[PDB]
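# pasting the sequence and an experimental structure:
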Amino acid sequence: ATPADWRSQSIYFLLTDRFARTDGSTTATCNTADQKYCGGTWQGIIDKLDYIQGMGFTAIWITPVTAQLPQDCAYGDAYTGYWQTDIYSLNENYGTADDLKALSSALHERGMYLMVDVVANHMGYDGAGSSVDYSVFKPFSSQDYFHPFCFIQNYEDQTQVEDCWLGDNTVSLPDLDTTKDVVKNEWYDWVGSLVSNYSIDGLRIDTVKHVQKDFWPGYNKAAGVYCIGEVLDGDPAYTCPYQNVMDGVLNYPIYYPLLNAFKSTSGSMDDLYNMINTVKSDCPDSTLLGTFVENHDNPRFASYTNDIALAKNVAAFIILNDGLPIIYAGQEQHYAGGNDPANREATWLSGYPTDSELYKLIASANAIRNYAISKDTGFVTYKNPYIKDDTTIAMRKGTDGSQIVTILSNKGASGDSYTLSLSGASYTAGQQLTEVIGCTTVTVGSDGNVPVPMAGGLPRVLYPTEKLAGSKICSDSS
Ligand SMILES: [Ca+2]
């Protein structure tokens with residue numbers, strides 16, 4: 001497992017307790033509002049995962065791993081189960097050490113890959129630094145591995161964020177990094193073996209940005225297998241660049257505007273076409289960039305506009321565009337969610353309406369992506385081209401051998417029968433291009449100005465229809 005394969009794999013974000021559960025549990029008590037562990041065994045994947053496959057995605061992205069603390073801290077618990085007040089044990093709320101390597105060893109055979117998201121920096125403690133414990137921190141026992149105490153402030157600076165304390169008295173994410181050999185070197189050794197057995201064939205960070213330049217590389221290398229630095233900031237020239245340090249980069253910046261212009265019918269697409277461009281070099285790519293949408297710490301896209309179209313075109317472009325297109329857990333069922341605590345949400349809180357709107361769009365469209373490569377790879381690199389940006393967007397992605405997919409997406413669930421001519425996408429005068437998912441034929445002959453026929457947001461991607469043999473895809477029947 002490692003960097004050049006990864007690039008291509010659709011990403012699927014989960015929790016577990018909330019998701020996983022051999023029990024099915026259609027009615028299981030667990031309303032974020034009250035937080036606290038919802039008895040939901042990780043193992044649930046071997047019975048589960050049919051949820052991911054139907055969609056097109058090849059990766060399993062789920063939460064950090066250990067045992068934080070046992071005592072519903074006012075807040076209501078760490079179930080989000082990012083923290084580390086033990087790192088070296090391996091919980092039980094989930095269910096039984098061994099089983100994990102087993103869940104993986106299992107699927108690993110079955111299909112897809114393994115993404116383990118880590119928060120390395122903070123060791124999470126109930127209490128205020130002056131009330132600091134130190135004894136609850138294995139691999140630690142002393143304070144020394146941790147840091148001094150000051151509230152991260154003067155944000156803009158970047159001469160504190162990377163060392164100082166991260167949090168609010170109510171909880172103090174204890175800062176480790178004495179600045180020198182110790183911490184890094186240390187935590188370096190750890191991961192790479194944690195990796196050894198249990199799975200760990202792709203990894204990620206919750207604490208990128210504020211780390212200190214150097215730690216990212218050291219760790220990225222401590223354990224081979226591809227990495228994803230997660231933290232935020234979304235602003236091409238800093239969020240990107242670190243692509244070199246690490247491996248995979250959060251497309252933090254990509255999302256922001258996609259959110260910005262998406263939602264509001266007239267929204268403001270130019271900000272993007274200019275955007276798509278900034279990254280495309282500014283970031284050392286190799287296609288090593290990450291596409292979220294909703295975002296755990298964020299309110300599931302839906303918090304805004306309550307319409308499929310605005311949703312579909314987004315999710316599609318995300319996936320369809322440059323970077324890992326990560327469909328976050330609950331995206332599908334159209335779970336509005338909340339800025340926080342109410343972002344979690346047992347994807348299973350229902351018996352799998354496995355054929356709802358989002359499921360269908362995901363399945364049929366994601367497939368095409370993977371498919372294209374299989375017969376002819378190289379769609380990876382292909383710098384996802386801006387070709388044209390009007391009131392609505394259309395871009396070009398792929399190789400030679402009439403091996404070309406061109407995507408044009410518009411906004412408004414209100415809809416209004418929309419028929420245009422795709423500008424670039426430069427094809428062969430007479431060439432036939434299928435609609436995608438739902439199907440529909442696009443004629444690119446006459447002048448060389450491809451007829452694009454829209455309804456509201458469906459999204460509309462024009463695939464060459466000559467490179468599909470006798471297979472699945474669109475309207476073959478198989
Ligand atoms: Ca730190």
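Great, that's in hand. Residues are numbered from 1 along each chain as shown.
# and the gap between residue 411 and the ion?
Separation of residue 411 from the ion (CB to the ion, to the nearest Å): 41 Å. Where you see a C-beta, it was placed from the backbone N, CA and C, and this is true even at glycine.
# what is the burial count for that residue?
Neighbour count for residue 411, taken as other CB atoms under 10 Å: 24.
# gap between the two ends of stretch 426-443?
13 Å (CA to CA, to the nearest Å).
# so how far is that stretch from its chain's centroid?
Between the centre of stretch 426-443 and the centre of its chain there are 30 Å (CA atoms, centre = their mean, to the nearest Å).
# residues making contact with it?
360-361, 364-365, 368, 396, 402, 404, 406, 444-448, 450-453, 458, 460-466, 468, 473-475 (CB atoms under 8 Å, 6 or more residues apart in numbering).
# for the protein, what's the longest helix?
helix 357-375 (DSSP state H).
# quick one: distance of it to the chain centre.
With CA atoms, centre = their mean, you get 17 Å for helix 357-375.
# got the buried residues for that helix?
358-369, 371-372 (16 or more other CB atoms under 10 Å).
# so can I have a markdown table of the residues you listed showing distance to residue 89?
Output for the buried residues of helix 357-375, formatted as a markdown table (distance: CB to CB, whole Å):
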| residue | distance to residue 89 |
| --- | --- |
| 358 | 37 |
| 359 | 37 |
| 360 | 41 |
| 361 | 40 |
| 362 | 36 |
| 363 | 38 |
| 364 | 43 |
| 365 | 41 |
| 366 | 37 |
| 367 | 40 |
| 368 | 43 |
| 369 | 39 |
| 371 | 43 |
| 372 | 44 |
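# which residues in this structure form helices?
Using DSSP H, helices in the chain cover 3-6, 50-53, 99-110, 182-196, 215-222, 236-239, 252-261, 270-282, 308-320, 357-375.
# between helix 182-196 and the fifth one, find me the angle.
What it means is helix 215-222. Between helix 215-222 and helix 182-196, the angle comes out at 30 degrees (axes from the mean of the first three to the mean of the last three CA atoms, to 10 degrees).
# buried ones in helix 215-222?
For helix 215-222, by 16+ other CB under 10 Å, it's 215-217, 219-220, 222.
# for the stretch 1-150 of the chain, what spans make up the strands?
Ranges of strands within the stretch 1-150 of the chain are 11-14, 59-62, 113-118, based on DSSP state E, counting those that start in this stretch.
# ok so, going back, same list, the buried residues of helix 215-222, but as a markdown table with distance to the ion please.
Output for these, formatted as a markdown table (distance: CB to the ion, whole Å):
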| residue | distance to the ion |
| --- | --- |
| 215 | 8 |
| 216 | 12 |
| 217 | 15 |
| 219 | 13 |
| 220 | 16 |
| 222 | 17 |
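# which of those residues lies closest to residue 99?
Distance to residue 99, by CB to CB, is smallest for residue 222 among these, at 25.6 Å.
# how near is the closest one to residue 285?
Using CB to CB, to the nearest Å, residue 222 is found at 24 Å from residue 285.
# same check, this time on residue 42
Using CB to CB, we find residue 42 at a distance of 34 Å from residue 285.
# what does residue 247 give?
12 Å.
# those two: who's more crowded?
Comparing residue 247 with residue 285 by other CB under 10 Å, the one with more neighbours is residue 247, at 24 against 20.
# surely that one touches residue 227?
Yes. Using CB atoms under 8 Å, residue 247 is in contact with residue 227, at 4.2 Å.
# what is in contact with these two at once?
Shared contacts of residue 247 and residue 227, counting by CB under 8 Å, 6+ apart, come down to residue 220.
# which bits of the stretch 51-200 of the chain sit near the ion?
121, 177 (CB under 5 Å from the ion).
# please redo it, this time with the cut-off set to 8 Å
Within reach of the ion by CB under 8 Å from the ion, the stretch 51-200 of the chain has these residues: 121-122, 147, 162-163, 166, 175-177.
# and these as a markdown table, adding distance to residue 82?
Output for those, formatted as a markdown table (distance: CB to CB, whole Å):
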| residue | distance to residue 82 |
| --- | --- |
| 121 | 11 |
| 122 | 9 |
| 147 | 19 |
| 162 | 19 |
| 163 | 21 |
| 166 | 12 |
| 175 | 16 |
| 176 | 16 |
| 177 | 18 |
